[PDB]
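Novice: Below is the structure I would like to discuss, written out as structure tokens.
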2 protein chains.
Amino acid sequence: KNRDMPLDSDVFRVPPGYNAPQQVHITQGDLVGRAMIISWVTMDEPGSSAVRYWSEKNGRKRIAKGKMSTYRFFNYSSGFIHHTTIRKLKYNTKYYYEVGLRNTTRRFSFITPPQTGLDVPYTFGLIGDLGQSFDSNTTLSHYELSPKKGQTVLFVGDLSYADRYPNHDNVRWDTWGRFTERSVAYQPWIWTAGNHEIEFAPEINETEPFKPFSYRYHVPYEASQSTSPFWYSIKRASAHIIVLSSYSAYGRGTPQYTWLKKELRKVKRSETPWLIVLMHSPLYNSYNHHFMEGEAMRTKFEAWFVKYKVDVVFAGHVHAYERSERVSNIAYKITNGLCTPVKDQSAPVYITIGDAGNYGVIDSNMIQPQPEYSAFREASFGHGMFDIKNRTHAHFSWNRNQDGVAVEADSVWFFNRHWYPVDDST
Amino acid sequence: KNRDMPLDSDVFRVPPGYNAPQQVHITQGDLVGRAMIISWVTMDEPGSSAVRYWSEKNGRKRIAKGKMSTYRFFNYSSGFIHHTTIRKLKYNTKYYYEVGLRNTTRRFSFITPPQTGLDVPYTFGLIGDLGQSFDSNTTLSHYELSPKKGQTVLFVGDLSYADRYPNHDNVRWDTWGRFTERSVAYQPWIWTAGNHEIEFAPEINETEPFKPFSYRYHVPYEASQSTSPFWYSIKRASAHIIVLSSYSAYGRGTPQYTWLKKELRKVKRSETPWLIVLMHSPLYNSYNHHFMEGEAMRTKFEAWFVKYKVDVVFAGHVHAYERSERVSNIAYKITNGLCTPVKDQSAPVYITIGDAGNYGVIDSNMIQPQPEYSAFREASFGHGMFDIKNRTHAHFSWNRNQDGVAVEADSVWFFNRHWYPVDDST
Ligand SMILES: *[C@@H]1O[C@H](CO)[C@@H](O[C@@H]2O[C@H](CO)[C@@H](O)[C@H](O)[C@H]2NC(C)=O)[C@H](O[C@@H]2O[C@@H](C)[C@@H](O)[C@@H](O)[C@@H]2O)[C@H]1NC(C)=O
Ligand SMILES: *[C@@H]1O[C@H](CO)[C@@H](O[C@@H]2O[C@H](CO)[C@@H](O)[C@H](O)[C@H]2NC(C)=O)[C@H](O[C@@H]2O[C@@H](C)[C@@H](O)[C@@H](O)[C@@H]2O)[C@H]1NC(C)=O
Ligand SMILES: *[C@@H]1O[C@H](CO)[C@@H](O[C@@H]2O[C@H](CO)[C@@H](O)[C@H](O)[C@H]2NC(C)=O)[C@H](O[C@@H]2O[C@@H](C)[C@@H](O)[C@@H](O)[C@@H]2O)[C@H]1NC(C)=O
Ligand SMILES: *[C@@H]1O[C@H](CO)[C@@H](O[C@@H]2O[C@H](CO)[C@@H](O)[C@H](O)[C@H]2NC(C)=O)[C@H](O[C@@H]2O[C@@H](C)[C@@H](O)[C@@H](O)[C@@H]2O)[C@H]1NC(C)=O
Ligand SMILES: *[C@@H]1O[C@H](CO)[C@@H](O[C@@H]2O[C@H](CO)[C@@H](O)[C@H](O)[C@H]2NC(C)=O)[C@H](O[C@@H]2O[C@@H](C)[C@@H](O)[C@@H](O)[C@@H]2O)[C@H]1NC(C)=O
Ligand SMILES: *[C@@H]1O[C@H](CO)[C@@H](O)[C@H](O)[C@H]1NC(C)=O
Ligand SMILES: *[C@@H]1O[C@H](CO)[C@@H](O)[C@H](O)[C@H]1NC(C)=O
Ligand SMILES: *[C@@H]1O[C@H](CO)[C@@H](O)[C@H](O)[C@H]1NC(C)=O
Ligand SMILES: CC1(C)Cc2cccc(CO)c2O1
Ligand SMILES: CC1(C)Cc2cccc(CO)c2O1
Ligand SMILES: [Fe+3]
Ligand SMILES: [Fe+3]
Ligand SMILES: [Zn+2]
Ligand SMILES: [Zn+2]
């Protein structure tokens, strides 16, 4: 069918005034929380890439300077894209920032996270495969109305679904920018790259993977000694978050592979006890759709995730909700017969959470019966929250769109794999 | 325990004359064999990129123009690299070609293949992980001294092993170019990217993978609508050869995955009976060294190879020889326990032929006992020959450096999977 919100929808409205900055969004700008990448688009002319900013406390108004860029895609011309990095911020404080300093100015605000620490509580939103359908709008609306009150969104891939349109009509990137602004202009969303961001379209001489995405959404990849925007890590509060790319190389000797192997070695559980991995394609998935796609990355990375006692791996891709048991399937040796996943308290829980809305379609077909390794699964739209209480406890909840904003359809306690490695099995 | 040929070795002699072209190599330059890429380096000055060439049939001298490029790697500065494509060649005819038209000219010849066809015989050589050890030299001589007479080399990756040197001393790329000249200047070598081509070294601000390889060795990739030099196909005689990149992305939706999926659809067994796939890392391997590394790509591609009746898949990486049975391992679904390879007449034979010499170390450790899927494996240096008699028969043989050039240690008839799918089991 067609359940994408019409161009003239209220979520798509353009901020008024000559060259008013639009599609504003922010994300963590450094490795630990002291910086922030502020981004936006101006449509009438290049404009300034300057950000004004100040804490509500100490009232000194500083000015950050950034860069402007443009891109083309087939018959589409981007507007003027700005990214600026505000650095040396104070932990745990509200900051006001402004963009569009030369003409129409707009003001926004954000709150830096506490300094990383073993016992720092923090609430992450979890959203995958958002799209811009009516379902999409409902999810975002639930998240912002959650009483748990999310401070950062971990976003597991597939943003605008703009590549489903005629010529990947990139206007549909612009709309998704203006739609998400009401959330991401005030809190970082941590970006993962999904298959709808590949935009590989040889048929119209666009053969550079990830182009529109890579122009519109910067991440702090050098911060973690990565050579690419598609894999990086950041530390925020008590969490160490590794972000991977289901669609870049991960063979032995590749950049991503090499970077990951080192990065894990840099994880200090006494400083960030919550080790979280993000990636678009799930490695454990009992839905028919995309079943076993994640098998290739699993052969390369699963054993590591276990060696390093990862707490949780979030994925999207599959348009539905799943939560694995703590299992591993890493004893296989071709001829040894050992290919069944087994209970394993060192392994992460795997969560598919790619049901935020996409283009309005849910994946309902499941392998039957439910496999031993699947703890819970349901084909409903929604988003999740991973809520860190302390060094031993994180409460994860899944909320459905058909339910009330306070209802938790599925809800489990995560016991830390380093500080409290006990059967949290449901 | 350093077995590389010294810099003052004869095989590394510099051709004489001011700005004499060196490191001359050719490779197919179009899809079906009517074009040829001539490559060389000049050291003294840029020089001309023109190539003079005539056929023996017509004795009409013609000029083709190409491009010159250069690169740097850390503190290394390349010479002047030339790539020129000759086009509109006539099938099955002898050409002479000349390079270095301004100062020192040098003359070489090649022979276009026959026009592609169902019953067109052709002898392909197989070489992998060649290197520049004394072992490397022996393999190359056995190859050129072969009664079988290879007409084209299918080269499964790992060229110079320059990257084993301090800062990857790219000088050892130059020496390798000069050393292989006595073969590749007179017959094409088809190039596969190996792990020693990756040359990802962020420690010295060299982070563009395949850089040196990319500049020195061009391939006719746009010819098969690939968008990258690391995966592509050519048609030569009665074979359709597909080259893949073990160290590029092959995830679902990525360029290589997309290209391969479409390319297999394009194969016409009625034009090119013998379907051959080259990659660096083996899908089946029963040796310790690199055991199971090919698992990831296998999970993505194996079923396609079975589905399209691939006749043979060649690889290297493992420094030995191995030949599998026709097997598949494509029934696994995580929980059905079906993870054992089975005889499968519809599947390719998998050959590991990465034993041309490298830097002089053979991989002798094998997993015992020999798996059912493994038909033959020996830890000796040498090369292979894939000799196509016609649409039904091809004869594969393996020559050992320790044997006479005319002796075959392993020998086996392939019965075409599309035209003559009789059990060709040994
Ligand atoms: C967008 O911001 C610009 C910078 O503030 C405005 O222009 C500047 O206005 C100053 C005082 O009006 C004047 O000294 C400058 O010449 C002028 N422009 C530049 C290039 O700095 C601009 O205002 C409009 O454009 C300028 C050239 C004038 O003609 C005004 O009359 C226009 O309103 C702002 N643009 C708009 C459309 O608001
Ligand atoms: C980390 O946070 C957990 C959730 O807030 C704490 O658990 C809870 O402790 C309450 C009293 O503090 C108790 O009434 C609740 O039943 C319990 N909730 C759960 C899900 O267990 C936890 O507190 C510690 O660990 C628990 C299991 C008890 O032994 C408490 O006495 C401990 O203080 C917090 N752990 C730490 C290290 O602070
Ligand atoms: C590129 O850098 C290398 C070191 O990072 C140069 O080699 C080093 O030179 C040192 C003093 O010049 C010498 O004592 C070291 O043994 C050596 N380091 C290594 C690991 O080889 C290299 O140099 C040239 O060749 C070397 C062997 C010497 O003959 C030097 O005199 C030469 O400059 C550098 N290459 C270039 C093109 O600059
Ligand atoms: C490389 O070839 C060039 C011609 O293709 C030479 O330049 C030429 O040398 C001829 C000497 O026999 C001279 O008459 C021509 O004028 C000249 N053609 C040009 C300049 O394009 C070149 O010779 C060297 O450089 C020239 C400019 C003079 O300086 C000569 O004395 C040099 O030999 C050849 N290079 C070398 C180093 O042999
Ligand atoms: C295609 O090439 C095959 C390999 O050369 C041919 O088989 C060979 O045929 C020879 C006589 O032509 C015979 O003496 C060889 O022993 C035989 N070699 C093998 C390995 O079988 C094949 O020839 C056809 O089929 C064979 C089996 C014979 O029965 C002949 O009658 C046929 O020529 C070639 N196919 C064709 C159709 O030519
Ligand atoms: C691009 O092409 C489509 C038809 O292919 C057309 O309808 C659309 O208006 C064009 N967009 C622009 C901005 O040129
Ligand atoms: C999206 O949700 C917002 C907030 O709940 C609402 O005000 C708006 O009308 C919705 N937009 C559409 C097109 O559904
Ligand atoms: C390499 O082999 C060739 C041919 O066998 C021979 O002419 C030459 O002596 C050898 N050179 C070295 C360095 O082994
Ligand atoms: C099957 C593909 C090409 C992959 C994929 C992942 C997530 C969502 C969609 C729907 O187009 C999708 O289409
Ligand atoms: C273990 C590694 C670094 C991998 C690899 C691939 C191909 C050749 C070699 C050399 O031993 C090699 O050593
Ligand atoms: Fe999706
Ligand atoms: Fe090798
Ligand atoms: Zn997806
Ligand atoms: Zn290798």
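The chains in the structure tokens are called A, B, ... from first to last as shown; in each chain the residues are counted from 1, and the ligands are counted from 1 in the order shown.
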Please write out the residues within 7 Å of ligand 11 as an MDAnalysis selection string, counting only C-alpha atoms and all ligand atoms.
Specialist: chainID A and resid 129 158 196 316:319 354 358
Novice: Give me, as JSON lines, the closest atom pair and its distance (Å, one decimal) for every residue of chain B within a cut-off of 7 Å of chain A, counting only C-alpha atoms, rows sorted by chain and rising number.
Specialist:
{"residue": "B:195", "atom": "CA", "partner": "A:253", "partner_atom": "CA", "distance": 6.8}
{"residue": "B:200", "atom": "CA", "partner": "A:255", "partner_atom": "CA", "distance": 6.9}
{"residue": "B:227", "atom": "CA", "partner": "A:207", "partner_atom": "CA", "distance": 6.8}
{"residue": "B:246", "atom": "CA", "partner": "A:251", "partner_atom": "CA", "distance": 6.9}
{"residue": "B:247", "atom": "CA", "partner": "A:251", "partner_atom": "CA", "distance": 5.4}
{"residue": "B:248", "atom": "CA", "partner": "A:249", "partner_atom": "CA", "distance": 5.0}
{"residue": "B:249", "atom": "CA", "partner": "A:249", "partner_atom": "CA", "distance": 3.9}
{"residue": "B:251", "atom": "CA", "partner": "A:247", "partner_atom": "CA", "distance": 5.3}
{"residue": "B:253", "atom": "CA", "partner": "A:195", "partner_atom": "CA", "distance": 6.5}
{"residue": "B:254", "atom": "CA", "partner": "A:247", "partner_atom": "CA", "distance": 6.0}
{"residue": "B:255", "atom": "CA", "partner": "A:200", "partner_atom": "CA", "distance": 6.6}
{"residue": "B:295", "atom": "CA", "partner": "A:299", "partner_atom": "CA", "distance": 6.7}
{"residue": "B:296", "atom": "CA", "partner": "A:296", "partner_atom": "CA", "distance": 4.2}
{"residue": "B:297", "atom": "CA", "partner": "A:296", "partner_atom": "CA", "distance": 6.6}
{"residue": "B:299", "atom": "CA", "partner": "A:296", "partner_atom": "CA", "distance": 6.0}
{"residue": "B:300", "atom": "CA", "partner": "A:296", "partner_atom": "CA", "distance": 6.7}
{"residue": "B:334", "atom": "CA", "partner": "A:340", "partner_atom": "CA", "distance": 6.2}
{"residue": "B:335", "atom": "CA", "partner": "A:340", "partner_atom": "CA", "distance": 5.6}
{"residue": "B:337", "atom": "CA", "partner": "A:339", "partner_atom": "CA", "distance": 6.1}
{"residue": "B:339", "atom": "CA", "partner": "A:337", "partner_atom": "CA", "distance": 6.3}
{"residue": "B:340", "atom": "CA", "partner": "A:335", "partner_atom": "CA", "distance": 6.1}
Novice: Once you count only C-alpha atoms and all ligand atoms, what closest atom pair and distance in Å to one decimal does each residue of chain A within 9 Å of ligand 6 have, with rows by chain and rising residue number, as a Markdown table?
Specialist:
| residue | atom | partner | partner_atom_place_in_ligand_line | distance |
| --- | --- | --- | --- | --- |
| A:74 | CA | ligand 6 | 1 (C) | 8.1 |
| A:75 | CA | ligand 6 | 14 (O) | 4.9 |
| A:76 | CA | ligand 6 | 13 (C) | 5.2 |
| A:77 | CA | ligand 6 | 13 (C) | 7.2 |
| A:166 | CA | ligand 6 | 5 (O) | 7.0 |
| A:167 | CA | ligand 6 | 5 (O) | 7.0 |
| A:169 | CA | ligand 6 | 11 (N) | 7.8 |
| A:171 | CA | ligand 6 | 13 (C) | 8.7 |
Novice: Write out, as a CSV table (one decimal), in the first residue's frame, the residues just selected, with C-alpha atoms.
Specialist:
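Final file, out_22.csv:
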chain,number,residue,atom,x,y,z
A,74,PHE,CA,20.9,12.1,-9.8
A,75,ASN,CA,18.4,14.9,-10.5
A,76,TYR,CA,18.4,16.1,-6.8
A,77,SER,CA,20.3,19.1,-5.4
A,166,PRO,CA,11.3,7.3,-7.5
A,167,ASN,CA,15.1,7.9,-7.9
A,169,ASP,CA,13.7,11.0,-4.2
A,171,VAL,CA,13.3,15.3,-0.7
Novice: In Å, with one decimal, what is the gap from atom CA of residue A:342 to atom CA of residue A:363?
Specialist: 26.1 Å
Novice: Select, from B:87, B:391, B:282, B:309, the residue with the minimum atom-to-atom distance to residue B:265, counting only C-alpha atoms.
Specialist: B:309
Novice: Among stretch 148-242 of chain B, which ones does DSSP place in strand (DSSP E), written as a PyMOL selection string?
Specialist: chain B and resi 152-155+189-191+232-236+239-242
Novice: Let me have all residues with an atom within 8 Å of ligand 2, counting only C-alpha atoms and all ligand atoms, laid out as number ranges by chain.
Specialist: A: 389-394, 413
Novice: Expressed in Å to a single decimal, how great is the separation between atom CA of residue A:308 and atom CA of residue A:264?
Specialist: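 Computed distance, atom CA of residue A:308 to atom CA of residue A:264, equals 7.1 Å.
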Novice: Please extract the residues at most 6 Å from ligand 7, counting only C-alpha atoms and all ligand atoms, and provide them as a list in words, using the chain letters and residue numbers of this document.
Specialist: residues 5, 9, 10, 11, 134, 137 and 141 of chain A
Novice: Kindly compile the residues surrounding ligand 1 within 6 Å, counting only C-alpha atoms and all ligand atoms, and format them as number ranges by chain.
Specialist: A: 18, 102-103
Novice: Could you give me the residues within 12 Å of ligand 4, counting only C-alpha atoms and all ligand atoms, as a ChimeraX atom specification?
Specialist: /B:17-20,44-48,100-105
Novice: Only N, CA, C and O atoms, please: the residues just picked out, written as an mmCIF file, in the first residue's frame.
Specialist:
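Heads up, here's the output in out15.cif:
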data_model
loop_
_atom_site.group_PDB
_atom_site.id
_atom_site.type_symbol
_atom_site.label_atom_id
_atom_site.label_comp_id
_atom_site.auth_asym_id
_atom_site.auth_seq_id
_atom_site.Cartn_x
_atom_site.Cartn_y
_atom_site.Cartn_z
ATOM 1 N N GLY B 17 68.575 1.461 -20.634
ATOM 2 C CA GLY B 17 68.206 2.553 -21.523
ATOM 3 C C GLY B 17 67.544 3.665 -20.742
ATOM 4 O O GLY B 17 66.841 3.393 -19.768
ATOM 5 N N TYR B 18 67.767 4.913 -21.142
ATOM 6 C CA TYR B 18 67.133 6.027 -20.449
ATOM 7 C C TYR B 18 65.612 5.833 -20.423
ATOM 8 O O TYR B 18 64.989 5.604 -21.468
ATOM 9 N N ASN B 19 65.028 5.921 -19.227
ATOM 10 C CA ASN B 19 63.580 5.797 -19.038
ATOM 11 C C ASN B 19 62.983 4.609 -19.766
ATOM 12 O O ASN B 19 61.901 4.710 -20.344
ATOM 13 N N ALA B 20 63.707 3.494 -19.748
ATOM 14 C CA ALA B 20 63.239 2.240 -20.338
ATOM 15 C C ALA B 20 62.003 1.720 -19.600
ATOM 16 O O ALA B 20 61.997 1.627 -18.377
ATOM 17 N N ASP B 44 62.704 7.207 -14.841
ATOM 18 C CA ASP B 44 63.497 8.408 -15.079
ATOM 19 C C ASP B 44 62.653 9.659 -15.317
ATOM 20 O O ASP B 44 62.944 10.721 -14.800
ATOM 21 N N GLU B 45 61.594 9.521 -16.090
ATOM 22 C CA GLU B 45 60.664 10.619 -16.289
ATOM 23 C C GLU B 45 59.310 10.105 -16.780
ATOM 24 O O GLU B 45 59.204 8.979 -17.254
ATOM 25 N N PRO B 46 58.268 10.929 -16.653
ATOM 26 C CA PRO B 46 56.916 10.526 -17.043
ATOM 27 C C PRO B 46 56.861 9.709 -18.330
ATOM 28 O O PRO B 46 56.241 8.652 -18.349
ATOM 29 N N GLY B 47 57.507 10.180 -19.386
ATOM 30 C CA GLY B 47 57.471 9.467 -20.646
ATOM 31 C C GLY B 47 56.101 9.426 -21.308
ATOM 32 O O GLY B 47 55.134 10.035 -20.843
ATOM 33 N N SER B 48 56.018 8.702 -22.417
ATOM 34 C CA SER B 48 54.777 8.621 -23.166
ATOM 35 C C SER B 48 53.912 7.458 -22.716
ATOM 36 O O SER B 48 54.409 6.425 -22.285
ATOM 37 N N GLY B 100 57.390 2.719 -24.423
ATOM 38 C CA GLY B 100 58.563 3.571 -24.284
ATOM 39 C C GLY B 100 58.925 4.259 -25.596
ATOM 40 O O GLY B 100 60.074 4.223 -26.046
ATOM 41 N N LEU B 101 57.939 4.899 -26.210
ATOM 42 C CA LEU B 101 58.123 5.450 -27.547
ATOM 43 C C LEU B 101 59.012 6.692 -27.634
ATOM 44 O O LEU B 101 59.483 7.023 -28.713
ATOM 45 N N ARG B 102 59.238 7.383 -26.522
ATOM 46 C CA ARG B 102 60.076 8.578 -26.563
ATOM 47 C C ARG B 102 61.587 8.320 -26.424
ATOM 48 O O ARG B 102 62.377 8.994 -27.063
ATOM 49 N N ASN B 103 61.987 7.341 -25.625
ATOM 50 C CA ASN B 103 63.406 7.140 -25.345
ATOM 51 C C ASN B 103 63.949 5.724 -25.539
ATOM 52 O O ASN B 103 64.809 5.505 -26.390
ATOM 53 N N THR B 104 63.479 4.772 -24.746
ATOM 54 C CA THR B 104 63.868 3.384 -24.967
ATOM 55 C C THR B 104 62.635 2.561 -25.247
ATOM 56 O O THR B 104 61.822 2.349 -24.364
ATOM 57 N N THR B 105 62.485 2.108 -26.481
ATOM 58 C CA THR B 105 61.369 1.256 -26.823
ATOM 59 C C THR B 105 61.638 -0.205 -26.463
ATOM 60 O O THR B 105 62.773 -0.666 -26.523
#
Novice: Skipping near chain neighbours, those fewer than 4 positions away, what residues fall within 10 Å of stretch 404-407 of chain A using only C-alpha atoms, listed as a ChimeraX atom specification?
Specialist: /A:139,141-148,397-400,411
Novice: Let's have the selection written as a short mmCIF file (atom, residue, chain, number, x, y, z; two decimals), in the first residue's frame, with N, CA, C and O atoms.
Specialist:
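Output file again.cif is given in full below:
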data_model
loop_
_atom_site.label_atom_id
_atom_site.label_comp_id
_atom_site.auth_asym_id
_atom_site.auth_seq_id
_atom_site.Cartn_x
_atom_site.Cartn_y
_atom_site.Cartn_z
N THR A 139 5.27 5.97 17.03
CA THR A 139 6.42 5.57 17.84
C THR A 139 7.15 6.77 18.43
O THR A 139 7.25 6.90 19.64
N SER A 141 6.28 9.57 18.95
CA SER A 141 5.41 10.23 19.90
C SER A 141 5.36 9.46 21.22
O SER A 141 5.32 10.05 22.30
N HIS A 142 5.39 8.13 21.15
CA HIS A 142 5.43 7.35 22.38
C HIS A 142 6.73 7.59 23.13
O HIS A 142 6.72 7.89 24.31
N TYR A 143 7.84 7.43 22.43
CA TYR A 143 9.13 7.63 23.05
C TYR A 143 9.20 8.95 23.82
O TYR A 143 9.57 8.98 24.98
N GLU A 144 8.82 10.05 23.18
CA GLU A 144 8.98 11.34 23.85
C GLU A 144 8.03 11.48 25.05
O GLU A 144 8.32 12.20 26.02
N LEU A 145 6.92 10.76 25.00
CA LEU A 145 5.95 10.73 26.11
C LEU A 145 6.21 9.64 27.16
O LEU A 145 5.41 9.48 28.08
N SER A 146 7.31 8.90 27.03
CA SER A 146 7.61 7.86 28.01
C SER A 146 7.92 8.50 29.34
O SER A 146 8.60 9.52 29.38
N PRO A 147 7.42 7.91 30.43
CA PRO A 147 7.71 8.40 31.79
C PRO A 147 9.14 8.04 32.21
O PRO A 147 9.75 8.74 33.01
N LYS A 148 9.67 6.94 31.68
CA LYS A 148 11.05 6.56 31.91
C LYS A 148 11.99 7.69 31.49
O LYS A 148 13.09 7.82 32.03
N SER A 397 12.87 -2.29 28.70
CA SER A 397 11.43 -2.41 28.49
C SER A 397 11.07 -2.18 27.02
O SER A 397 11.70 -1.37 26.35
N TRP A 398 10.07 -2.91 26.55
CA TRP A 398 9.58 -2.73 25.18
C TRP A 398 8.17 -2.22 25.27
O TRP A 398 7.36 -2.76 26.01
N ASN A 399 7.87 -1.18 24.50
CA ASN A 399 6.57 -0.55 24.54
C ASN A 399 5.90 -0.60 23.19
O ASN A 399 6.51 -0.24 22.20
N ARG A 400 4.64 -1.04 23.14
CA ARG A 400 3.92 -1.17 21.87
C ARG A 400 3.15 0.10 21.56
O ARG A 400 2.72 0.79 22.48
N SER A 411 9.34 -6.74 29.38
CA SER A 411 10.17 -5.98 30.29
C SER A 411 11.01 -6.93 31.13
O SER A 411 10.46 -7.74 31.88
#
Novice: Mind giving me the straight-line distance from atom CA of residue B:135 to atom CA of residue B:2 in Å, one decimal?
Specialist: 11.8 Å
Novice: Based on the backbone DSSP call, show me all residues of stretch 218-290 of chain A assigned alpha helix (DSSP H), as a list in words.
Specialist: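 Of stretch 218-290 of chain A, only residues 255, 256, 257, 258, 259, 260, 261, 262, 263, 264 and 265 of chain A fall in alpha helix (DSSP H).
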Novice: Write the selection just made, keeping N, CA and C atoms, as an mmCIF file, in the first residue's frame?
Specialist:
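Below is the file that was written, result-v7.cif:
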data_model
loop_
_atom_site.group_PDB
_atom_site.id
_atom_site.type_symbol
_atom_site.label_atom_id
_atom_site.label_comp_id
_atom_site.auth_asym_id
_atom_site.auth_seq_id
_atom_site.Cartn_x
_atom_site.Cartn_y
_atom_site.Cartn_z
ATOM 1 N N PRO A 255 39.650 -2.983 7.577
ATOM 2 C CA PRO A 255 39.580 -1.912 8.574
ATOM 3 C C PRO A 255 38.589 -2.172 9.719
ATOM 4 N N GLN A 256 37.314 -2.425 9.426
ATOM 5 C CA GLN A 256 36.345 -2.606 10.503
ATOM 6 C C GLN A 256 36.749 -3.740 11.422
ATOM 7 N N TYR A 257 37.125 -4.862 10.828
ATOM 8 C CA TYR A 257 37.594 -6.004 11.588
ATOM 9 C C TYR A 257 38.775 -5.584 12.474
ATOM 10 N N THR A 258 39.800 -5.002 11.870
ATOM 11 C CA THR A 258 40.967 -4.579 12.638
ATOM 12 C C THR A 258 40.623 -3.588 13.758
ATOM 13 N N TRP A 259 39.778 -2.607 13.455
ATOM 14 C CA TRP A 259 39.355 -1.623 14.452
ATOM 15 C C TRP A 259 38.598 -2.243 15.625
ATOM 16 N N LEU A 260 37.714 -3.188 15.323
ATOM 17 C CA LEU A 260 36.893 -3.798 16.356
ATOM 18 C C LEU A 260 37.776 -4.564 17.316
ATOM 19 N N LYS A 261 38.640 -5.405 16.767
ATOM 20 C CA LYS A 261 39.534 -6.220 17.582
ATOM 21 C C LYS A 261 40.335 -5.410 18.597
ATOM 22 N N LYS A 262 40.791 -4.219 18.204
ATOM 23 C CA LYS A 262 41.534 -3.344 19.111
ATOM 24 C C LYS A 262 40.584 -2.695 20.093
ATOM 25 N N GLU A 263 39.492 -2.132 19.577
ATOM 26 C CA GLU A 263 38.550 -1.373 20.395
ATOM 27 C C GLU A 263 38.128 -2.131 21.647
ATOM 28 N N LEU A 264 37.673 -3.371 21.462
ATOM 29 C CA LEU A 264 37.308 -4.247 22.571
ATOM 30 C C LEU A 264 38.401 -4.326 23.639
ATOM 31 N N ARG A 265 39.645 -4.501 23.198
ATOM 32 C CA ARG A 265 40.804 -4.419 24.095
ATOM 33 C C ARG A 265 40.881 -3.111 24.900
#
Novice: Got a sec: who's within 9 Å of residue B:379, counting only C-alpha atoms, leaving out chain neighbours fewer than 2 positions off, as a ChimeraX atom specification?
Specialist: /B:319-322,355,362-366,377,381
Novice: Kindly indicate which residue among B:325, B:206, B:424, B:4 lies nearest to residue B:160, using only C-alpha atoms for the distances.
Specialist: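 Among the listed residues, B:4 lies closest to residue B:160.
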Novice: Using only C-alpha atoms, pick whichever of B:216, B:307, B:182, B:25 has the shortest atom-to-atom distance to residue B:197.
Specialist: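 Of the candidates, the smallest distance to residue B:197 is held by B:216.
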Novice: Near stretch 271-280 of chain A, within 9 Å and counting only C-alpha atoms, which residues show up once chain neighbours fewer than 3 positions away are dropped, as a PyMOL selection string?
Specialist: chain A and resi 116-120+128+154-158+192-195+233+235-247+267-268+305+308-317+348+354+388+390-392+394+416-419
